[PDB]
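As a plain string of letters, each chain reads:
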Amino acid sequence: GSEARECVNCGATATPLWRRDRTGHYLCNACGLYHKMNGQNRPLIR
Ligand SMILES: [Zn+2]
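Residues numbered from 1 in each chain as written, not as in the entry; some residues may be left out. Heavy atoms only, no water.

Determination of this PDB entry was carried out by solution NMR, according to the record.

Turning our eyes to something else, we now look at the overall build of the chain. Helix and strand counts for the chain come out as 1 helix and 0 strands. Dimensions along the principal axes, computed over C-alpha positions, put the chain at roughly 30 × 20 × 15 Å. Across the 46 residues of the chain, 15% fall into the buried class. When contacts within the chain are restricted to residue pairs at least 6 apart in sequence, long-range pairs at least 24 apart make up 8% of them. Total accessible area on the chain stands at roughly 4000 Å², and carbon and sulfur atoms take up 48% of it. (Helix = DSSP H or I, 4+ residues; strand = E, 2+ residues; numbered from the N terminus. Buried < 20%, exposed > 50% of the residue type's maximum accessible area, 1.4 Å probe, protein only. Contact = heavy atoms within 4.5 Å. Areas by Shrake-Rupley, 256 points an atom, 1.4 Å probe, with all protein chains shown as cover.)

A few words now on unusual backbone geometry. At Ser2, a position not held by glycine, the phi torsion is positive, near 55°. Residue placement: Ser2 occurs in the segment before α1 (30-37). When its relative accessible area of 44% is taken as the criterion, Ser2 is described as partly exposed. Of note in this structure, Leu44 is not a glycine but carries a positive phi near 65°.

Distances from the zinc ion to its protein donors, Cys7 (SG), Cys10 (SG), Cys28 (SG) and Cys31 (SG), fall within 2.3 Å. Sequence spacing of the donors to the zinc ion: C-x2-C-x17-C-x2-C. Of the two residues, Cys7 sits in the segment before α1 while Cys31 sits in helix α1, which places them 24 residues apart along the sequence. Classification of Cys7 by relative accessible area gives buried; the value is 3%. According to the relative accessible area criterion, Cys31 is buried, its value standing at 8%. (Donors = N, O, S within 2.8 Å, 3.2 Å for Na, K, Ca; no water.)

Right, let's get into the environment of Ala12. Mapped onto the secondary structure, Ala12 falls in the segment before α1. The sequence separation of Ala12 and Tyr26 amounts to 14 residues, and the corresponding C-alpha distance is 9.3 Å. If we ignore the near neighbours within four places in the chain, the residues touching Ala12 are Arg5, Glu6, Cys7, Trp18 and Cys28.

Dropping the structure here:
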């Protein structure tokens, strides 16, 4: 699978708009919210 992009955080490949950061990643939307206010990386689980 992995058709569209894969959110480096949750793998969400159905986001409305991707966005890379200093690491050039591709979060889906809420996974970057932390880097926006907290600035740190997102924990998540895998
Ligand atoms: Zn995500």
